[PDB]
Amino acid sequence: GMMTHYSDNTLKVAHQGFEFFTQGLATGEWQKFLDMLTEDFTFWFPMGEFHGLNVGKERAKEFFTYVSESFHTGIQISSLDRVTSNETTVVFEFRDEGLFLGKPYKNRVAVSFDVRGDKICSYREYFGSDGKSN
C-alpha cells in the first residue's frame, strides 16, 4: 500500500528483523534474528541443500549458520534500495557483498518476510544477479 503510519506494525517488525538480519550477515551471530521468528517459521530458498520449503527454527539456525560459514569476515549490505509492504508482508530489495573463502561475492537480493504480531513467521529469498556483480 501507498500509505503508512506509525501504527504500521508490519513495517516496524520487518525493519527490526532486517536489522538483525544485517547483523547476522555481517557478524555470523544470528540469535537476535532467530529470537524474532515464530515457532512455525518457514523459509524458502532457491537452491542447494536448503532448496525449497524449510520448516522450523532449528532448520533456520542450520541455514543461517551455513550461510555465514564461508564468509569469514561476513557479508555487507551495500545498499537497501526498495522496501515494499502490505498488511502482512514486507520485501527488501538490496545489494550485498563479501568474501566467499576470500573470493569476491556480490549480488542483488530480495528477501520477503511475513509478520505475525511482534514476530516473523516466514521468509523467502530471491536472487537478482550472478554472485559476481550487483
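Sequential numbering from 1, following the sequence displayed.
A.B. asks: Quick one: say whether 48 to 56 or 77 to 85 has the higher mean Cα B-factor in the deposited entry.
C.D. replies: Comparing 48 to 56 with 77 to 85, the higher mean C-alpha B-factor belongs to 48 to 56.
A.B. asks: Could you check which stretch, 124 to 132 or 2 to 10, carries the larger mean CA temperature factor in the entry?
C.D. replies: Result: 2 to 10.
A.B. asks: Lowest, middle or highest third of the chain for the C-alpha temperature factor of residue 92?
C.D. replies: Its C-alpha B-factor, which the entry lists for residue 92, ranks in the lowest third among residues of this chain.
A.B. asks: Lowest, middle or highest third: where is residue 67 by C-alpha B factor in its chain?
C.D. replies: Top third by C-alpha B-factor.
A.B. asks: Quick check for you: using the entry's CA B-factors within this chain, is residue 61 in the lowest, middle or highest third?
C.D. replies: Its C-alpha B-factor belongs to the middle third of this chain's values.
A.B. asks: Is the Cα B-factor recorded for residue 41 in the lowest, middle or highest third of its chain?
C.D. replies: Middle third, going by the recorded CA B-factors of the chain.
A.B. asks: How does residue 30 rank on Cα B-factor within its chain, lowest, middle or highest third?
C.D. replies: It falls in the top third of the chain.
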